[PDB]
Amino acid sequence: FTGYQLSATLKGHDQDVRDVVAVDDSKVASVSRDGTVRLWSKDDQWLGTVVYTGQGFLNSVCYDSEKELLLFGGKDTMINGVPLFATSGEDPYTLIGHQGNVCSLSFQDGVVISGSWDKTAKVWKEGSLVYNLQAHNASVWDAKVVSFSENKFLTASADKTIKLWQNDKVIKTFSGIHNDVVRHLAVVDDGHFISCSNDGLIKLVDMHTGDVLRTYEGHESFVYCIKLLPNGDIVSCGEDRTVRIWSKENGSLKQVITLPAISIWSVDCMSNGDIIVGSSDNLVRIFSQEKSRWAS
């Protein structure tokens with residue numbers, strides 16, 4: 001390992017950046033409480049364009065790589081989609097059904113899965129609601145596909161539990177992982193996931209036994225987002241102004257990146273290993289291990 005260093009600072013949003021996504025190694029997208037979706041493209045420098053504007057806060061984004069749509073949602077309860085060539089002012093693709101803030105979005109293998117403060121996650125295919133995952137007693141902060149072919153899904157909630165679903169039924173509840181709001185999930189494989197929480201912890205969990213296999217300790221506040229890098233390492237971020245990189249296999253805290261923002265809301269990983277970061281200073285940042293891409 002060698003440390004990540006700042007590659008680019010992407011300025012344009014006027015309020016917090018709440019979610020970021022890699023589109024490809026030359027394109028990233030972000031959404032913000034400013035109500036915009038921005039697509040940033042790298043030529044020599046990164047240039048941002050607004051591909052959608054609305055009044056409602058946007059809190060989640062993902063990328064449907066076959067339709068080449070940026071999907072996004074937030075306070076107005078809708079999930080919309082725009083192409084990579086949309087212009088601000090054009091009406092958006094719409095997934096209707098949530099009754100509260102859409103706080104998470106993910107896409108895998110043709111499946112969109114959304115988490116909401118309406119206390120549900122919803123699973124969508126071909127523009128249509130297939131499963132309503134209704135069971136949690138409080139906001140669903142995250143939802144992920146475990147297996148598209150088995151219709152297995154994983155949700156994380158303010159009710160302090162993680163639930164594994166098959167179809168629209170809960171088949172297992174993990175109530176012993178965190179004693180606080182669960183904020184995010186990353187599926188390692190069919191048999192393991194990582195979760196993070198307002199308790200400041202990230203944990204690797206055996207999906208079959210519910211055993212905590214490893215705890216990654218160090219964040220000093222809430223942990224809002226976790227992702228797996230191409231090499232399997234964990235990237236996390238949160239309320240303590242940090243982005244952190246961990247060895248999934250042995251728990252080592254490989255790097256702490258401290259930023260001048262009160263909250264770091266979101267991270268995502270490019271295929272080339274670069275890390276995209278959305279924060280409360282209204283910036284998107286890209287970090288890289290590759291010196292050829294360092295801002296310095």
Side-chain angles (χ1 to χ4, degrees), residues 1-13 17-32 37-49 51 58 60-72 82-85 104-109 112 142 144-145 184-189 194 196 202 224-238 242-248 254-257 259 261 264-279 281-296:
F1 181 87
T2 58
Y4 279 83
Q5 307 199 193
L6 181 67
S7 182
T9 304
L10 279 47
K11 182 177 185 181
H13 283 295
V17 179
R18 294 293 310 201
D19 210 7
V20 301
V21 64
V23 168
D24 63 40
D25 292 347
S26 68
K27 289 188 173 55
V28 306
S30 56
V31 302
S32 166
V37 181
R38 292 176 201 247
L39 177 65
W40 310 86
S41 305
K42 193 177 185 170
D43 194 340
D44 307 322
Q45 287 67 225
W46 288 92
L47 173 67
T49 309
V51 294
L58 298 179
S60 57
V61 69
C62 69
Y63 177 58
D64 173 336
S65 50
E66 286 190 0
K67 290 185 182 273
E68 305 196 17
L69 294 173
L70 290 168
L71 308 182
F72 51 93
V82 296
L84 298 171
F85 49 75
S104 76
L105 280 169
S106 192
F107 177 91
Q108 202 163 290
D109 298 311
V112 180
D142 198 25
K144 293 295 205 280
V145 173
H184 222 70
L185 302 167
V187 178
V188 176
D189 56 33
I194 57 166
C196 69
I202 307 161
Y224 296 134
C225 188
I226 47 178
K227 295 288 161 69
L228 303 172
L229 288 162
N231 71 355
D233 286 351
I234 303 167
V235 62
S236 65
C237 69
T242 72
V243 176
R244 299 182 186 227
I245 296 106
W246 316 77
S247 166
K248 175 266 201 191
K254 297 184 172 203
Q255 187 175 7
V256 177
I257 298 165
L259 297 176
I264 318 305
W265 297 114
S266 182
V267 289
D268 202 37
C269 302
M270 256 166 268
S271 78
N272 63 9
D274 286 14
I275 295 169
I276 313 160
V277 185
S279 49
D281 56 358
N282 313 340
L283 293 173
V284 175
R285 293 176 174 83
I286 299 175
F287 288 83
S288 187
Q289 288 182 300
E290 289 297 323
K291 186 170 177 139
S292 59
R293 295 207 282 286
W294 293 355
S296 62

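We're numbering straight along the sequence, starting at 1. Hydrogens, waters and symmetry mates play no part in the numbers below; they use all other heavy atoms, side chains included.
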List the atom of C269, the atom of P230, and the distance in Å for their closest heavy-atom pair.
CB-CD, 4.4 Å

Residue of the set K248, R244, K254 for which salt bridge (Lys or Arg N to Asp or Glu O under 4.0 Å) holds with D233
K254

Under a 4.5 Å cut-off applied to non-hydrogen side-chain atoms, are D268 and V28 in contact?
no

When you compare the side chain of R18 with that of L58, does any pair of heavy atoms fall below 4.5 Å?
no

Could you measure the distance from the CZ atom of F107 to the CD atom of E66? Nearest 0.5 Å is fine.
6.0 Å

Any side-chain heavy atom of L84 sitting closer than 4.5 Å to one from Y63?
yes

If you apply the rule side-chain contact (heavy atoms from CB on, under 4.5 Å), what do you find for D64 with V112, and how did you get there?
CA-CA 8 Å; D64 173 336; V112 180; 5.5 Å; no

Pair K144-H184, side-chain donor/acceptor within less than 3.5 Å
yes

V243 versus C237: any side-chain heavy-atom pair under 4.5 Å?
yes

Test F1 against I245 for side-chain contact (heavy atoms from CB on, under 4.5 Å), laying out the working first.
CA-CA 10 Å; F1 181 87; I245 296 106; 4.1 Å; yes

Checking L47 against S41 for the side-chain contact (heavy atoms from CB on, under 4.5 Å) test, could you report, in this order, the C-alpha distance in whole Å, the side-chain angles of both residues, the deciding distance, and whether it holds?
CA-CA 5 Å; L47 173 67; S41 305; 5.5 Å; no

To the closest 0.5 Å, what do you measure between CE (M270) and CZ (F287)?
11.5 Å

Give a yes or no answer on whether the side chain of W294 reaches the backbone of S288 with a donor-acceptor pair at less than 3.5 Å.
yes

Over all heavy atoms of both residues, which pair between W265 and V17 is shortest? Give the atoms and the distance, please.
CD1-O, 3.2 Å

Do you know which two heavy atoms are closest between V187 and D189, and how far apart they sit?
CG1-O, 3.4 Å

Got a second to check how far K227's NZ is from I234's CD1, nearest 0.5 Å?
13.5 Å

Side chains of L259 and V277, heavy atoms from C-beta outward: is any pair under 4.5 Å?
yes

Which value, rounded to the nearest 0.5 Å, describes the distance between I202 atom CD1 and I226 atom CD1?
6.5 Å

Are the side chains of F72 and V82 in contact, using a 4.5 Å heavy-atom criterion?
yes

Counting C-beta onward and ignoring hydrogens, is there a side-chain heavy-atom pair between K42 and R293 closer than 4.5 Å?
yes

Can you tell me how far OG1 of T2 sits from CD of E290, rounded to the nearest 0.5 angstrom?
7.5 Å

Heavy-atom pair with the smallest gap, counting every atom of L71 and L105:
O-CD1, 3.6 Å

Examine the side chains of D25 and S271 and answer whether a donor and an acceptor come within less than 3.5 Å of each other.
yes

Say whether, by atom type as modelled, one donor and one acceptor occur between the side chain of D19 and the main chain of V61 under 3.5 angstrom.
yes

Considering non-hydrogen atoms only, spot the tightest contact between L229 and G273 and give its length.
CD2-O, 3.7 Å

Do the side chains of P83 and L69 get nearer than 4.5 Å, heavy atoms only?
yes

Using side-chain contact (heavy atoms from CB on, under 4.5 Å), reason through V31 and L70 one step at a time and then give a plain yes or no.
CA-CA 10 Å; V31 302; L70 290 168; over 6 Å; no

Measuring from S7:OG to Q289:CD, what's the distance to the nearest 0.5 Å?
12.0 Å

Minimum heavy-atom separation for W40 to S30, with atom names?
NE1-OG, 2.9 Å

